[PDB]
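Heads up: the structure comes next, in structure tokens.
With ideal geometry, Cβ positions are generated from the backbone for all residues, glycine too; neighbour counts draw on all protein chains shown. Each answer follows from the model by the rule given with it, or from the source it names; no laboratory instrument gave them.
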Protein chains: 2
Amino acid sequence: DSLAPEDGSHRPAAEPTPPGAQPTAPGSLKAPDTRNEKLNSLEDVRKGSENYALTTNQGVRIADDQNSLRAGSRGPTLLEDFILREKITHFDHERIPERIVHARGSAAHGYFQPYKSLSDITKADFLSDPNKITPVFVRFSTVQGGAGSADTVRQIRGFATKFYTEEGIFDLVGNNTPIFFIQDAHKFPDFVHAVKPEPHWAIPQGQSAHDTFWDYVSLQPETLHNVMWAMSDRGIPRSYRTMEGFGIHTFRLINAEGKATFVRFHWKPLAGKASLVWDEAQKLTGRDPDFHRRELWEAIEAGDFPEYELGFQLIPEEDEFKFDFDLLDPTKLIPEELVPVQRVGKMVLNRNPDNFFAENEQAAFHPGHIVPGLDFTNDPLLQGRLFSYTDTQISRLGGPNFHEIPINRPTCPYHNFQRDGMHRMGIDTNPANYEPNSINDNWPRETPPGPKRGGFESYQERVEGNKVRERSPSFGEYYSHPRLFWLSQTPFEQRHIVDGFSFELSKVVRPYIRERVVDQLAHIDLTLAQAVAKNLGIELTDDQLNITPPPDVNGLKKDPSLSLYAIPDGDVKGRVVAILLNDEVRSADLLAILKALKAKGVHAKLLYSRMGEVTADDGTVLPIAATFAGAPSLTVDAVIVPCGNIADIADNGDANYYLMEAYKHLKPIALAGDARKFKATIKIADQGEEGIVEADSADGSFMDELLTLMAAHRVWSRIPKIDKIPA
Amino acid sequence: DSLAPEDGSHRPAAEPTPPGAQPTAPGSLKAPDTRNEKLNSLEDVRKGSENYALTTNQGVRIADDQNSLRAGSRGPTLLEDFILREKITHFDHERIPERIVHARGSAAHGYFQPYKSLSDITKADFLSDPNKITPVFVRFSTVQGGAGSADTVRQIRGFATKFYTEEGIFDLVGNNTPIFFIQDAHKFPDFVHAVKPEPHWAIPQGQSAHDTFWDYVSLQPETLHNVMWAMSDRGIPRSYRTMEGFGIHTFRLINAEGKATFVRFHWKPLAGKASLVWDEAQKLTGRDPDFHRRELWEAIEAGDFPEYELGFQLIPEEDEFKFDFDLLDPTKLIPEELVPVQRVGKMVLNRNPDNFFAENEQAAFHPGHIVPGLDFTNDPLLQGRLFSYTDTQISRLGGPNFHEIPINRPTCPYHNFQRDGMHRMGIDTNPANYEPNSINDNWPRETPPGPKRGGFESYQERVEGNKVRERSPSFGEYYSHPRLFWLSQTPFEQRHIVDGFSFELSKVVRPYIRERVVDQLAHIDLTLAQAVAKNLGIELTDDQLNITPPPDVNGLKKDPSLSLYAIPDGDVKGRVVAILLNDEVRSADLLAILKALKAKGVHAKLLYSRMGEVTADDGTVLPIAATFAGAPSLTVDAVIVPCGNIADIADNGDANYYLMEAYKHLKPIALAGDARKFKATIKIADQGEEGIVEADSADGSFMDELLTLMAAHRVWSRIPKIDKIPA
Ligand code: HEM
Ligand code: HEM
């Protein structure tokens, strides 16, 4: 019974389509021709459904999946109903522990390839040949919230990449800021407990605006640098496609000759850097808590594949101690003005998973999963991470055989003497389960280290010191990097940082904690400190006003690569505009609008006061994607109002509020013909305002203007005009 | 180190205080003198902290909890650091699986007492004497979202109560609507999978506005009754304190003479019935996703204990077949006009937990946990529940000894021959682990059924029929209960139902699903169907326009007890009002305002454009609780603006928007003296309007008028006026 619509509209077309054009679908059904070695290797466990009989897990066909077995139709359920019990038992045991941190995340499949061979600095196989492609699986995430929390919270974001190389799995488990909050892994449980929901009542969920977080920060000044990044607009990215990625720690690259080079890993977003504004981000956690997850999935379904460039900061071994900060301190960044990022390769995410639980939820990343050609360093945060990931996956994934869960399996050979464990899939035929053995002629065998396909050998770093629980004295500087970050931001970025601290500390109930945090800000920069204090009704003391600013970082008074917006990097492909329809749209305006958006790869969403269709002035039937309230301005990058019967929507509260919200949030707005009467609602300018595109009709020049604004992301010059608007 | 402020302001006073006045805290520290038998029995496992040395879990004192052990202060971390490894190991394994459904929930401790002995209808010990107090632990929840999802989503809410009786634990596991979506437990996994996030991409999180839910609903008309309740304002309660509770199924009461009486369980909120409006609820999931958890905790800390009256609908065994519907069908309600609710007792929730994870997350409720004096029925949804909760707790709580986790332990004696299992706490000394035995003289021993303290014996219900997987023909009626619900709602409640369906179906991407749901609505009520269709741009066919409405339910064409608001039951105690300050408030207005609110137990929050303090006209220093943006109008019940230097905030966008938002969401607003200048912000006429209180000062009847409006909850007559308003 209950069947598909006659017309076949239940099923999405298996071709690239813009967001909202078709229902989303499992990756293998949406893009069956998109393949890679890892995607193909998962074919053994993919399960179809069309034309198959419904069965139990033991393969018994079910005749009635609507009713339990009972003694009479109004009688008691019987214990012998094994079909009911198997179905309910499986349902009852669907959940597994969420990740302790980074539980909220969104993932996709893709591939990587180097631009040229890097064999002179590393023997890693995946970086040895420009035409050797390596499948990847990437998961982006937030830190604090649970798996069911919201996407556009203010938080550091995780950026984890699993490379399925020919010499083993390499996991590059990074975040979207170049430093971490703490120096030693021993404090991780303390820091995480402080940022997570407070233990008595389990509030608040995915935001750091609460007493315990700011108490920890105020008592542990090493956290200030990453706190500065979190309070900036870096903490509220527009998309996972428009943020940077960093490995944070200094690692080593080892070449065939045995030479070690220190390296820091970077990902550069080829769509550019872009973030939301706080009010927008917070409201969007309510209007669409799945915004980043959705946006990633739809970009891949549209062909707007997330693309990132891998880059390396390289420091010779002999230059380990030449900076004014320790290279092994994860609260310190290496300014690009001192050590440039060398481009290494490109990563493209081009296919969504088939099943979120099987592939995203069960994926296991670990920074200890390195390969020959790579090695660790003594960074005390990284050292502790090496223990933790393996340990947590034993309980999260139910045993030691988590590498046999399909998404986690290597695509290269794996053979050893490990056996058994819960849910053991591999059936070993080796007569031996130990080495050395004579009974299988000692196979599988050890392999000496070498230039290629060699066994792993650690770099023989010299270790000299007593067994101590002590922080290196070189790590005891906490204010210069925060200050370098502060001075590198534009004026509007600085304002947003001030507003971030002010908002968060206004939610701290104990006033002395707010004062202690302001005291720490006074050791970074007095202008920043005074601006936050003023918003909290706090007065800096005379001593606070006389704190000497921290020294410059190796002579730098600023580094523009630390700003999101100082150096233009805008890219409109993949962005989306809202088009507010009316019941008699001028089709000539629409035609020109859609053509210009199409030429730059910008999507459109047609909105109205109701769902269904509206008919343009030439008879074209226009399906409505959503209502004005249903897809708020928060979800788009710009708003366009075509001419037609403007009287239809001129007095619509939601239509007017749509423009007020977009205006407040600094988005470009374009008004054609009679749509220019909406200028009154955003109560500003009569001769026009930079940021507002207006003309008698939507034409080539009107669209060029709008698209130029869109490439600059937001209208920062409108900032002074928005705090009067009631929106 | 000694980091607390010397003034002791880090610690909350151990006395009842209003929301926001002090930092919240663990229940036993906030209210040490609030006790009950269960709370006292948990003293064996409560752990303090003050004045104790920091140790490992083995009791070894720790000297340096800031650093890992390494070879040299910049060297590698050593494997012999057992302190680091224990600390990180425990952190790595903190999470357990969340509940499969109702994962998001908030709980508190309390007590229950019957008004009079019910010995004539039940032998249940907890209902046998008015002076018998039974400790309870209650958990309120949503259904779909994860543990980290938001509170004010549109969903059915769970209302689960664990009664720690002298004859065993009784768990009454109910919801906030009197029926469930489905009829047979065999479809529970299907219904739940349809409402939960879609499997390819895991979206959307806590809202049912997506294709698979409405696909299922459109193909299974049995769901329409509970869907009607979810689309009404019942799906968005103001607080867990202001919603009703129901057991849903017909159970049995058994008295000492062996007579069975059918019973349906009800909880009546002594604070009244109250819900939010959709736009407010959805925006509140972003501004404060923990609103209901917070509100419950703060109500209890303030002394505004959540109070509920337990009531029974009783039906004699001989009247089983006297209704138009089957008593065993969980998609059908029993109209109070046909069978009144008899008041049974009162439950008061008066203490929060100490540790959310230990007490709330690990609590295990199960409808199969009944006691002598109660029994089950053949309702086919209830029958399947009896299997599922035991099964799911084995994996959720790590084994069969979950009854030994402190919160789940009975307060009465428990002795049997069950042994071992993971995490076994009890050390059995019985020589025997089986019965019958002679080696311990057969103890513990079976106990015959009797009037008091007897063994459990099932009611000897006659069973007759063949073994079949078949729905009773008596359950095959799906539209009369939905229609009865619809006709019992006020006109504004009907509009909100129409708006709920309209918004939800507008998020369904496949248009045919929207059409099929509209067709089902046409079988319930033509006005409802036409209004939803209009909002979707769908036209009803002539056939749909002629579908004959379903019959009345036992001659009823409405039952006012199904409405939230048809019969006023307003209670102002525990509500909160925002007070928008200026930099020279008229102290006289503020004195009058705050004392009037205090006299009725209404809380206040003093808001401004920054934190700190403001000084009134007479020099009174006024502490600011939050900024206008920090504590939006969504979080309060009414807004008051006192006179003073109104020019200070008159052009503040946030202050004006605060009133626009409150106005749109139908909240009472009161403006004193020059604060009447804000009338132009919300377009109020010079002569005024119902729902807006205004006078020259806050004296006289100004506060009485505002409190009268608060008692009516919202200003329903303003609906037509908010239609426009750009907010
Ligand atoms: C530079 C500092 C760090 C970065 C960049 C980082 C990054 C991440 C990321 C991106 C994830 C999520 C991976 C996924 O998507 O599944 C994650 C998970 C995790 N992190 Fe780290 N983290 C850092 C520090 C630490 C430390 C110091 C510890 C403990 C010593 C730690 C313990 C964990 C654990 C236990 C998980 C859960 C993994 C799982 O369940 O599979 N992290 N981290
Ligand atoms: C009248 C219909 C139902 C009502 C009123 C109801 C109510 C609830 C409530 C309030 C909870 C949360 C208890 C807590 O706070 O921990 C819950 C959890 C649960 N429900 Fe039910 N439910 C119903 C139907 C069902 C059915 C038909 C099944 C399966 C056959 C089911 C399976 C579960 C499971 C497995 C849990 C999680 C329990 C745990 O993990 O401890 N429910 N339900």
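Taking only the range A:390-400 into account, find how many residues are part of a helix (DSSP H, G or I) and either within 7 Å of chain B (Cβ to nearest Cβ) or without any contact (Cβ under 8 Å) to a residue 60 or more places away in the chain (or both).
To start, the set of residues in the range A:390-400 that are part of a helix (DSSP H, G or I) comprises A:390-396.
With the extra rule that they be either within 7 Å of chain B (Cβ to nearest Cβ) or without any contact (Cβ under 8 Å) to a residue 60 or more places away in the chain (or both), the set shrinks to A:390-395.
Total meeting the criteria: 6.
From the list B:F492, B:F503, exactly one residue is aromatic (F, W, Y), part of a helix (DSSP H, G or I) and under 30 Å from B:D304 (Cβ atoms). Which is it? Walk me through how you get there before you give the answer.
Details: B:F503 fails: under 30 Å from B:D304 (Cβ atoms).
Every option except B:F492 fails the conditions.
Mind checking which residues of the range A:35-81 are closer than 30 Å to A:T411 by Cα and in contact with a strand residue (DSSP E or B) (Cβ under 7 Å, 6 or more places away or on another chain)?
A:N36, A:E37, A:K38, A:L39
Sort out which residues of the range A:61-83 are among the hydrophobic types (A, V, I, L, M, F, W, C) and outside any strand (DSSP E or B), and write them in order of number. Working first, answer last.
Initial filter on the range A:61-83 (among the hydrophobic types (A, V, I, L, M, F, W, C)): A:62-63, A:69, A:71, A:78-79, A:82-83.
Result: A:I62, A:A63, A:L69, A:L78, A:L79, A:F82, A:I83.
Being in contact with a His (Cβ under 8 Å, 6 or more places away or on another chain) and among the polar types (S, T, N, Q) is the filter here, so list the residues in the range B:54-88 that pass it.
If the condition is that a residue be in contact with a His (Cβ under 8 Å, 6 or more places away or on another chain) and among the polar types (S, T, N, Q), then B:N57, B:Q66, B:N67, B:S68 are the ones that fit.
Which condition number in (1) of a type in the set (V, I, T); (2) within 9 Å of ligand 1 (Cβ to nearest atom); (3) in contact with a strand residue (DSSP E or B) (Cβ under 9 Å, 6 or more places away or on another chain) is the one that A:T392 fails?
(3)
Can you tell me which residue in the range B:506-530 is farthest from B:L276 (Cα to Cα), limited to those that are part of a helix (DSSP H, G or I) and of a type in the set (K, R)? Explain how you work it out, then say what you get.
Just the residues of the range B:506-530 that are part of a helix (DSSP H, G or I), to begin with: B:506, B:511-522, B:526-530.
Next cut, of a type in the set (K, R) only: B:514, B:516.
On the way: B:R514: 25, B:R516: 29 Å.
My answer is B:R516.
B:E86 - would you say it is within 14 Å of chain A (Cβ to nearest Cβ), assigned to a helix (DSSP H, G or I), surrounded by fewer than 24 Cβ atoms within 10 Å (Cβ to Cβ) and within 16 Å of ligand 1 (Cβ to nearest atom)?
On the way: within 14 Å of chain A (Cβ to nearest Cβ): yes; assigned to a helix (DSSP H, G or I): yes; surrounded by fewer than 24 Cβ atoms within 10 Å (Cβ to Cβ): yes; within 16 Å of ligand 1 (Cβ to nearest atom): yes.
Judged against the criteria, B:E86 is a match.
Could you count how many residues in the range B:491-505 are within 13 Å of chain A (Cβ to nearest Cβ) and free of Cβ contacts under 8 Å to residues at least 60 places away in the same chain?
Residues flagged as within 13 Å of chain A (Cβ to nearest Cβ) and free of Cβ contacts under 8 Å to residues at least 60 places away in the same chain within the range B:491-505 amount to 2.
Can you confirm whether B:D81 is free of Cβ contacts under 8 Å to residues at least 40 places away in the same chain and more than 7 Å from chain A (Cβ to nearest Cβ)? Step through it out loud before you land on a result.
Values: free of Cβ contacts under 8 Å to residues at least 40 places away in the same chain: yes; more than 7 Å from chain A (Cβ to nearest Cβ): yes.
In short, yes.
Going through the range B:507-534 one residue at a time, which ones are in contact with a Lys or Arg (Cβ under 8 Å, 6 or more places away or on another chain), farther than 15 Å from B:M228 by Cα and surrounded by 21 or more Cβ atoms within 10 Å (Cβ to Cβ)?
Scanning the range B:507-534 gives a single hit, B:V508.
Being small (G, A, S), assigned to a loop (DSSP other than H, G, I, E, B) and surrounded by 14 or more Cβ atoms within 10 Å (Cβ to Cβ) is the requirement here; does A:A53 meet it?
Values: small (G, A, S): yes; assigned to a loop (DSSP other than H, G, I, E, B): yes; surrounded by 14 or more Cβ atoms within 10 Å (Cβ to Cβ): no.
So A:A53 fails the test.
Yes/no per residue for (1) assigned to a loop (DSSP other than H, G, I, E, B); (2) farther than 18 Å from A:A271 by Cα; (3) out of contact with any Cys (no Cβ under 7 Å at 6 or more places or on another chain):
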site	(1), (2), (3)
A:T548	yes, yes, yes
A:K558	yes, yes, yes
A:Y565	yes, no, yes
A:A578	no, yes, yes
A:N582	yes, yes, yes
A:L594	no, yes, yes
A:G601	yes, no, yes
A:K605	no, yes, yes
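Within the range A:294-306, identify whether any single residue is surrounded by 18 or more Cβ atoms within 10 Å (Cβ to Cβ), away from chain B (no Cβ under 14 Å) and under 15 Å from the mean Cα position of the chain (by Cα), and answer yes or no.
So far as the range A:294-306 goes, yes, one or more of its residues are surrounded by 18 or more Cβ atoms within 10 Å (Cβ to Cβ), away from chain B (no Cβ under 14 Å) and under 15 Å from the mean Cα position of the chain (by Cα).
In the range A:243-263, how many residues are in a loop (DSSP other than H, G, I, E, B) and either outside the structural domain of A:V138 (by CATH) or within 17 Å of A:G174 (Cα to Cα) (or both)? Before you say what the answer is, go through the steps one by one.
Step one: of the range A:243-263, the residues in a loop (DSSP other than H, G, I, E, B) are A:243-244, A:247-250, A:255-259.
If we keep only those that are either outside the structural domain of A:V138 (by CATH) or within 17 Å of A:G174 (Cα to Cα) (or both) as well, we get A:243-244, A:247-250.
The number of residues fulfilling the criteria is 6.
Filter the range B:236-276 for residues that are within 14 Å of another protein chain (Cβ to nearest Cβ) and β-branched (V, I, T); which is nearest to ligand 2 (Cβ to nearest atom)?
Applying the filter and picking the extreme gives B:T250.
Condition test on A:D7, is it within 12 Å of chain B (Cβ to nearest Cβ) and over 28 Å from A:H292 (Cβ atoms)?
Numbers: within 12 Å of chain B (Cβ to nearest Cβ): yes; over 28 Å from A:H292 (Cβ atoms): yes.
Considered against the rule, which asks whether it is within 12 Å of chain B (Cβ to nearest Cβ) and over 28 Å from A:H292 (Cβ atoms), A:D7 comes out as yes.
Restricting the range B:473-488 to residues that are of a type in the set (S, T, N, Q) and surrounded by 19 or more Cβ atoms within 10 Å (Cβ to Cβ), which is farthest from the other protein chains (Cβ to nearest Cβ)? Reasoning before the result, please.
Of the residues in the range B:473-488, the ones of a type in the set (S, T, N, Q) are B:474, B:480, B:488.
Subset that is surrounded by 19 or more Cβ atoms within 10 Å (Cβ to Cβ): B:480, B:488.
Values: B:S480: 19, B:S488: 28 Å.
Here the residue is B:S488.
Pick from the range A:89-120 the residues that are small (G, A, S) and buried (at least 17 other Cβ atoms within 10 Å of the Cβ): which of them is nearest to ligand 1 (Cβ to nearest atom)? Spell out the reasoning first.
Within the range A:89-120, the first condition is being small (G, A, S), and the residues that meet it are A:103, A:105-108, A:110, A:117, A:119.
The next check asks that each one be buried (at least 17 other Cβ atoms within 10 Å of the Cβ); those that pass are A:103, A:105-108, A:110, A:119.
Numbers: A:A103: 8, A:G105: 5, A:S106: 9, A:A107: 7, A:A108: 12, A:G110: 15, A:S119: 28 Å.
Across the range A:89-120, the extreme among qualifying residues is A:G105.
Every residue in the range A:388-397 that is over 24 Å from the mean Cα position of the chain (by Cα) and within 26 Å of A:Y434 (Cβ to Cβ), please.
Let us first name the residues in the range A:388-397 that are over 24 Å from the mean Cα position of the chain (by Cα), namely A:391, A:394-395.
A:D391, A:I394 - these are the residues of the range A:388-397 that are over 24 Å from the mean Cα position of the chain (by Cα) and within 26 Å of A:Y434 (Cβ to Cβ).
Within the group B:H415, B:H366, B:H403, which residue is more than 16 Å from ligand 1 (Cβ to nearest atom) and within 14 Å of chain A (Cβ to nearest Cβ)? If you could, list the steps in order and put the result at the bottom.
On the way: B:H415 fails: within 14 Å of chain A (Cβ to nearest Cβ); B:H403 fails: within 14 Å of chain A (Cβ to nearest Cβ).
On inspection, the qualifying residue turns out to be B:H366.
From B:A160, B:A230, B:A185, B:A209, which residue is within 14 Å of chain A (Cβ to nearest Cβ) and within 16 Å of ligand 2 (Cβ to nearest atom)?
Numbers: B:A160 fails: within 14 Å of chain A (Cβ to nearest Cβ); B:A230 fails: within 14 Å of chain A (Cβ to nearest Cβ); B:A209 fails: within 16 Å of ligand 2 (Cβ to nearest atom).
One residue alone meets the criteria, B:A185.
How about the range A:632-727: which strands (runs of 3 or more DSSP E) wholly inside it have at least 3 residues that are in contact (Cβ under 8 Å) with a residue 60 or more places away in the chain?
Details: elements: A:638-641, A:669-672, A:692-695.
Counting at least 3 such residues, we get A:638-641.
May I ask you to verify whether A:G398 is in the same structural domain as A:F170 (by CATH) and away from ligand 1 (no atom under 16 Å from the Cβ)?
Details: in the same structural domain as A:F170 (by CATH): yes; away from ligand 1 (no atom under 16 Å from the Cβ): no.
No: the conditions fail for A:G398.
Do you know which of the residues in the range A:103-120 that are within 12 Å of chain B (Cβ to nearest Cβ) and part of a loop (DSSP other than H, G, I, E, B) is nearest to B:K196 (Cα to Cα)?
First pass over the range A:103-120, keeping only residues within 12 Å of chain B (Cβ to nearest Cβ): A:103-108.
Pick out the ones that are also part of a loop (DSSP other than H, G, I, E, B) and you get A:103-104.
Values: A:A103: 18, A:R104: 16 Å.
Filtering first and then ranking leaves A:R104.
Can you name every residue in the range B:196-235 that is outside any loop (DSSP other than H, G, I, E, B) and closer than 22 Å to A:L284 by Cα?
Step one: of the range B:196-235, the residues outside any loop (DSSP other than H, G, I, E, B) are B:211-219, B:221-231, B:233-235.
The answer is B:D211, B:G235.
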